[PDB]
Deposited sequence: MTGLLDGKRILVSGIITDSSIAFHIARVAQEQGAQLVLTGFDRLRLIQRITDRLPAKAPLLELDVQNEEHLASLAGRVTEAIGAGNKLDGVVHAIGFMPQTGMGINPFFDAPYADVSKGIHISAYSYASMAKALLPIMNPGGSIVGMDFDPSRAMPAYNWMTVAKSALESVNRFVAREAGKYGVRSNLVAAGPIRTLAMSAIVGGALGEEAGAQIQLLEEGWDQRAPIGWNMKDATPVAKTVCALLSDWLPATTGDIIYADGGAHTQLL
């Protein structure tokens, strides 16, 4: 097993088609012991986490709640063991209200909404790292999810701003994580099926030399599992691109 005898925290599992669900599914197949995180509808989330190959304890974590943080170390240790520590952390949380992304114009999004998105998508990565680093083993790995924000695109708008902030946050999380001997990295994925949206998706498969399947979330789930393993021990504060190679191609 690629992740044999590793304790990994996986956050933001809501559906069975999610990359977050597949990361957990692939990790369990590779011999990893998981601890899962639920945002709000925990009863709804428990029905989905039961489709997973092995049993994993579900913990309540509202990334915006301060009390949920700090208690997000004690609650983890009680689930795994008194002397046992975490070997991996998967941050699969990303949100932006519709005012900030979609049909709504860039200028028409109010700050309160874009602030909510930066908190949940970018700040929360530093928050999760602050709470989980004291209970992490040397050689550990924190993985976040990104969508290449280096260039502006239609509809994505303020979520591109939240992603740019995440990239900067990850570089600083790596500095704090390095003193624990833990790696911090981001996984930039291509479009995942969760008029303009069709144009962006079609463009990706054309640009990607090996092509891109918007319906398949296992190639990105495997990329996260490669970063959670000891096969990338010299990679930190970096972005690993699982987009079929589209970002390196103009046409």
query: In sequence order, the deposited-sequence ranges that have no modelled C-alpha atom; finding: 1-2, 197-212
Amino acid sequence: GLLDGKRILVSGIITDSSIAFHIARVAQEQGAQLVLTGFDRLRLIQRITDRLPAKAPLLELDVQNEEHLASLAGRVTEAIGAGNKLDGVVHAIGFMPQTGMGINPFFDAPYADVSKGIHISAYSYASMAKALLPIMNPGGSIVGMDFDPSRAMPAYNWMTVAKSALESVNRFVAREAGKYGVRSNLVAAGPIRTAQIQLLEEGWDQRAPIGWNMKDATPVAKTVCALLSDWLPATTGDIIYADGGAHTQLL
From here on, numbers count along this sequence of modelled residues.
item	value
Greater mean Cα temperature factor according to the PDB record, 223-231 or 11-19	11-19
Mean C-alpha B-factor comparison - 148-156 and 105-113, higher one	105-113
Identity of residue with top Cα B-factor, from 69, 187, 210, 27	69
Selection from 171, 163, 75, 91 [criterion: highest C-alpha temperature factor in the record]	75
Residue 126 CA temperature factor, ranked by third within the chain	lowest
For residue 82, the third of its chain into which the C-alpha B factor falls	highest
Within-chain third of residue 217 by Cα B-factor, per the entry	highest
Where the record places residue 182 (Cα B-factor, split into thirds across the chain)	lowest
